[PDB]
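Trainee: Sharing a structure here in structure tokens format.
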Amino acid sequence: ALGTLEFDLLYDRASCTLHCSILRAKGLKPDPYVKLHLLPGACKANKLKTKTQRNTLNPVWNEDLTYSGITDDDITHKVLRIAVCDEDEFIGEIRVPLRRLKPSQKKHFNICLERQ
């Protein structure tokens, strides 16, 4: 379909931090970069992005992006939208409810991107 995205999420409860390791993508179907949007809210604070990789459908970022101020209740209610885009157009996205995470347990994802 649209390709796959590999990333890790780790919630560190004591420091109230969500660590998002954006690793790589494979088989993108269109200069890819990834943007993270922690929902809900259009707030600047909710939005992080990787560097842009050039001339590739198999970019490797190996980039750690982090949110601070993350509480238990944020973990149960918030959603992390992860979108890969083509720098200068939408390539694909996934939507991850944070309540799938456990404190201090890194979860590894390899997920198929979607149009949704």
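Following the order of the structure tokens, chains are lettered A, B, ..., residues in each are numbered from 1, and ligands are numbered from 1.
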List every residue of stretch 27-100 of chain A that DSSP, applied to the backbone of this structure, assigns to alpha helix (DSSP H), and report them as a ChimeraX atom specification.
Mentor: /A:72-77
Trainee: Out of stretch 14-66 of chain A, which residues get strand (DSSP E) from DSSP, as a PDB file with C-alpha atoms, in the first residue's frame?
Mentor:
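File produced: result.pdb:
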ATOM      1  CA  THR A  17       8.060  12.192  29.471  1.00  0.00           C
ATOM      2  CA  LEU A  18       6.954  10.425  26.279  1.00  0.00           C
ATOM      3  CA  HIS A  19       9.927   9.313  24.187  1.00  0.00           C
ATOM      4  CA  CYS A  20       9.168   8.747  20.518  1.00  0.00           C
ATOM      5  CA  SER A  21      11.983   7.130  18.550  1.00  0.00           C
ATOM      6  CA  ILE A  22      11.285   7.637  14.867  1.00  0.00           C
ATOM      7  CA  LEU A  23      13.376   4.951  13.239  1.00  0.00           C
ATOM      8  CA  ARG A  24      12.620   4.523   9.552  1.00  0.00           C
ATOM      9  CA  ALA A  25      10.107   3.903   6.812  1.00  0.00           C
ATOM     10  CA  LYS A  26      10.102   1.340   3.992  1.00  0.00           C
ATOM     11  CA  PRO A  32      10.114  12.404   3.591  1.00  0.00           C
ATOM     12  CA  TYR A  33       9.917  13.821   7.113  1.00  0.00           C
ATOM     13  CA  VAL A  34       7.737  12.741  10.002  1.00  0.00           C
ATOM     14  CA  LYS A  35       5.537  14.999  12.064  1.00  0.00           C
ATOM     15  CA  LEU A  36       4.112  14.069  15.432  1.00  0.00           C
ATOM     16  CA  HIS A  37       0.973  15.723  16.744  1.00  0.00           C
ATOM     17  CA  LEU A  38      -0.158  14.915  20.279  1.00  0.00           C
ATOM     18  CA  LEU A  39      -3.961  15.193  20.342  1.00  0.00           C
ATOM     19  CA  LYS A  47       3.817  19.326  17.439  1.00  0.00           C
ATOM     20  CA  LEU A  48       7.288  17.857  16.823  1.00  0.00           C
ATOM     21  CA  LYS A  49       9.004  16.851  13.542  1.00  0.00           C
ATOM     22  CA  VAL A  60      16.240   6.408   7.954  1.00  0.00           C
ATOM     23  CA  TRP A  61      15.857   9.032  10.638  1.00  0.00           C
ATOM     24  CA  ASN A  62      16.898   7.367  13.912  1.00  0.00           C
ATOM     25  CA  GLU A  63      15.673  10.505  15.679  1.00  0.00           C
ATOM     26  CA  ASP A  64      14.348  10.786  19.243  1.00  0.00           C
ATOM     27  CA  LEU A  65      11.529  13.310  19.773  1.00  0.00           C
ATOM     28  CA  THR A  66      10.171  13.877  23.291  1.00  0.00           C
TER      29      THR A  66
END
Trainee: Contacts of stretch 76-78 of chain A at 12 Å or less, counting only C-alpha atoms, minus same-chain residues fewer than 2 places along, as a PDB file with N, CA, C and O atoms, in the first residue's frame?
Mentor:
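Written file, selection-v4.pdb:
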ATOM      1  N   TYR A  11       6.944   5.525  27.654  1.00  0.00           N
ATOM      2  CA  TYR A  11       6.425   6.495  28.619  1.00  0.00           C
ATOM      3  C   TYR A  11       7.196   6.345  29.922  1.00  0.00           C
ATOM      4  O   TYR A  11       7.149   5.278  30.554  1.00  0.00           O
ATOM      5  N   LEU A  18       7.225  11.428  27.315  1.00  0.00           N
ATOM      6  CA  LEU A  18       6.954  10.425  26.279  1.00  0.00           C
ATOM      7  C   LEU A  18       8.055  10.485  25.230  1.00  0.00           C
ATOM      8  O   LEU A  18       8.234  11.502  24.562  1.00  0.00           O
ATOM      9  N   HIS A  37       1.944  14.810  16.159  1.00  0.00           N
ATOM     10  CA  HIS A  37       0.973  15.723  16.744  1.00  0.00           C
ATOM     11  C   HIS A  37       0.262  15.027  17.894  1.00  0.00           C
ATOM     12  O   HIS A  37      -0.467  14.057  17.693  1.00  0.00           O
ATOM     13  N   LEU A  38       0.476  15.518  19.107  1.00  0.00           N
ATOM     14  CA  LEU A  38      -0.158  14.915  20.279  1.00  0.00           C
ATOM     15  C   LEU A  38      -1.543  15.533  20.449  1.00  0.00           C
ATOM     16  O   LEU A  38      -1.675  16.742  20.658  1.00  0.00           O
ATOM     17  N   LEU A  39      -2.577  14.705  20.320  1.00  0.00           N
ATOM     18  CA  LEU A  39      -3.961  15.193  20.342  1.00  0.00           C
ATOM     19  C   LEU A  39      -4.604  14.964  21.710  1.00  0.00           C
ATOM     20  O   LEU A  39      -4.333  13.962  22.361  1.00  0.00           O
ATOM     21  N   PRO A  40      -5.508  15.863  22.135  1.00  0.00           N
ATOM     22  CA  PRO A  40      -6.112  16.942  21.351  1.00  0.00           C
ATOM     23  C   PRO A  40      -5.392  18.292  21.440  1.00  0.00           C
ATOM     24  O   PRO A  40      -4.635  18.535  22.383  1.00  0.00           O
ATOM     25  N   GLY A  41      -5.635  19.164  20.463  1.00  0.00           N
ATOM     26  CA  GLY A  41      -5.114  20.517  20.514  1.00  0.00           C
ATOM     27  C   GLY A  41      -4.185  20.925  19.386  1.00  0.00           C
ATOM     28  O   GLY A  41      -3.272  20.183  19.010  1.00  0.00           O
ATOM     29  N   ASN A  46       2.259  20.758  21.039  1.00  0.00           N
ATOM     30  CA  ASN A  46       1.839  19.398  20.691  1.00  0.00           C
ATOM     31  C   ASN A  46       2.523  18.840  19.450  1.00  0.00           C
ATOM     32  O   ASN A  46       2.315  17.681  19.098  1.00  0.00           O
ATOM     33  N   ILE A  70       3.823  14.861  30.501  1.00  0.00           N
ATOM     34  CA  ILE A  70       2.845  13.803  30.261  1.00  0.00           C
ATOM     35  C   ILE A  70       2.416  13.083  31.549  1.00  0.00           C
ATOM     36  O   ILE A  70       3.236  12.454  32.227  1.00  0.00           O
ATOM     37  N   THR A  71       1.121  13.149  31.860  1.00  0.00           N
ATOM     38  CA  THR A  71       0.563  12.516  33.065  1.00  0.00           C
ATOM     39  C   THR A  71      -0.159  11.216  32.735  1.00  0.00           C
ATOM     40  O   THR A  71      -0.433  10.936  31.569  1.00  0.00           O
ATOM     41  N   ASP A  72      -0.509  10.467  33.781  1.00  0.00           N
ATOM     42  CA  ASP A  72      -1.303   9.242  33.691  1.00  0.00           C
ATOM     43  C   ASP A  72      -2.567   9.448  32.896  1.00  0.00           C
ATOM     44  O   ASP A  72      -2.883   8.662  32.002  1.00  0.00           O
ATOM     45  N   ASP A  73      -3.294  10.511  33.226  1.00  0.00           N
ATOM     46  CA  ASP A  73      -4.533  10.826  32.514  1.00  0.00           C
ATOM     47  C   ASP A  73      -4.331  11.211  31.032  1.00  0.00           C
ATOM     48  O   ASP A  73      -5.197  10.915  30.183  1.00  0.00           O
ATOM     49  N   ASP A  74      -3.189  11.825  30.711  1.00  0.00           N
ATOM     50  CA  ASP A  74      -2.835  12.070  29.305  1.00  0.00           C
ATOM     51  C   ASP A  74      -2.659  10.731  28.606  1.00  0.00           C
ATOM     52  O   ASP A  74      -3.060  10.556  27.447  1.00  0.00           O
ATOM     53  N   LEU A  80      -1.611   9.969  19.740  1.00  0.00           N
ATOM     54  CA  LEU A  80      -0.468  10.490  19.021  1.00  0.00           C
ATOM     55  C   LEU A  80      -0.617  10.221  17.538  1.00  0.00           C
ATOM     56  O   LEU A  80      -0.532   9.061  17.081  1.00  0.00           O
ATOM     57  N   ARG A  81      -0.854  11.300  16.794  1.00  0.00           N
ATOM     58  CA  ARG A  81      -0.931  11.235  15.334  1.00  0.00           C
ATOM     59  C   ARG A  81       0.471  11.326  14.741  1.00  0.00           C
ATOM     60  O   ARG A  81       1.210  12.273  15.009  1.00  0.00           O
ATOM     61  N   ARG A  95      -2.417   6.501  13.685  1.00  0.00           N
ATOM     62  CA  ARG A  95      -2.978   7.136  14.860  1.00  0.00           C
ATOM     63  C   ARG A  95      -2.844   6.183  16.050  1.00  0.00           C
ATOM     64  O   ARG A  95      -3.420   5.094  16.035  1.00  0.00           O
ATOM     65  N   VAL A  96      -2.072   6.574  17.068  1.00  0.00           N
ATOM     66  CA  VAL A  96      -1.820   5.685  18.203  1.00  0.00           C
ATOM     67  C   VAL A  96      -2.378   6.217  19.527  1.00  0.00           C
ATOM     68  O   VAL A  96      -1.856   7.181  20.078  1.00  0.00           O
ATOM     69  N   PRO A  97      -3.432   5.571  20.051  1.00  0.00           N
ATOM     70  CA  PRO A  97      -3.916   5.884  21.401  1.00  0.00           C
ATOM     71  C   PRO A  97      -2.833   5.564  22.432  1.00  0.00           C
ATOM     72  O   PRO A  97      -2.345   4.430  22.448  1.00  0.00           O
ATOM     73  N   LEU A  98      -2.466   6.525  23.279  1.00  0.00           N
ATOM     74  CA  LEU A  98      -1.359   6.324  24.214  1.00  0.00           C
ATOM     75  C   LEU A  98      -1.660   5.280  25.292  1.00  0.00           C
ATOM     76  O   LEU A  98      -0.747   4.777  25.939  1.00  0.00           O
ATOM     77  N   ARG A  99      -2.933   4.938  25.467  1.00  0.00           N
ATOM     78  CA  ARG A  99      -3.314   3.995  26.513  1.00  0.00           C
ATOM     79  C   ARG A  99      -2.855   2.574  26.188  1.00  0.00           C
ATOM     80  O   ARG A  99      -3.043   1.655  26.983  1.00  0.00           O
ATOM     81  N   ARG A 100      -2.229   2.401  25.034  1.00  0.00           N
ATOM     82  CA  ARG A 100      -1.632   1.114  24.684  1.00  0.00           C
ATOM     83  C   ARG A 100      -0.233   0.982  25.270  1.00  0.00           C
ATOM     84  O   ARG A 100       0.410  -0.057  25.117  1.00  0.00           O
ATOM     85  N   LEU A 101       0.231   2.028  25.951  1.00  0.00           N
ATOM     86  CA  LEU A 101       1.580   2.039  26.510  1.00  0.00           C
ATOM     87  C   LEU A 101       1.575   1.698  27.998  1.00  0.00           C
ATOM     88  O   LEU A 101       0.603   1.985  28.705  1.00  0.00           O
ATOM     89  N   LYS A 102       2.645   1.057  28.464  1.00  0.00           N
ATOM     90  CA  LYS A 102       2.817   0.779  29.895  1.00  0.00           C
ATOM     91  C   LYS A 102       4.045   1.514  30.415  1.00  0.00           C
ATOM     92  O   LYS A 102       5.044   1.620  29.708  1.00  0.00           O
ATOM     93  N   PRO A 103       3.969   2.041  31.647  1.00  0.00           N
ATOM     94  CA  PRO A 103       5.079   2.806  32.232  1.00  0.00           C
ATOM     95  C   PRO A 103       6.421   2.070  32.168  1.00  0.00           C
ATOM     96  O   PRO A 103       6.519   0.906  32.598  1.00  0.00           O
TER      97      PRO A 103
END
Trainee: Rank nothing, just name the residue among A:28, A:10, A:43, A:16 nearest to residue A:114, using only C-alpha atoms.
Mentor: A:28
Trainee: Rounded to one decimal in Å, what is the spacing between atom CA of residue A:9 and atom CA of residue A:91?
Mentor: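 So the answer is 21.4 Å.
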Trainee: Tell me which of A:45, A:82, A:55, A:88 sits closest to residue A:109, counting only C-alpha atoms.
Mentor: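 Going through A:45, A:82, A:55, A:88 one by one, the smallest distance to residue A:109 is for A:82.
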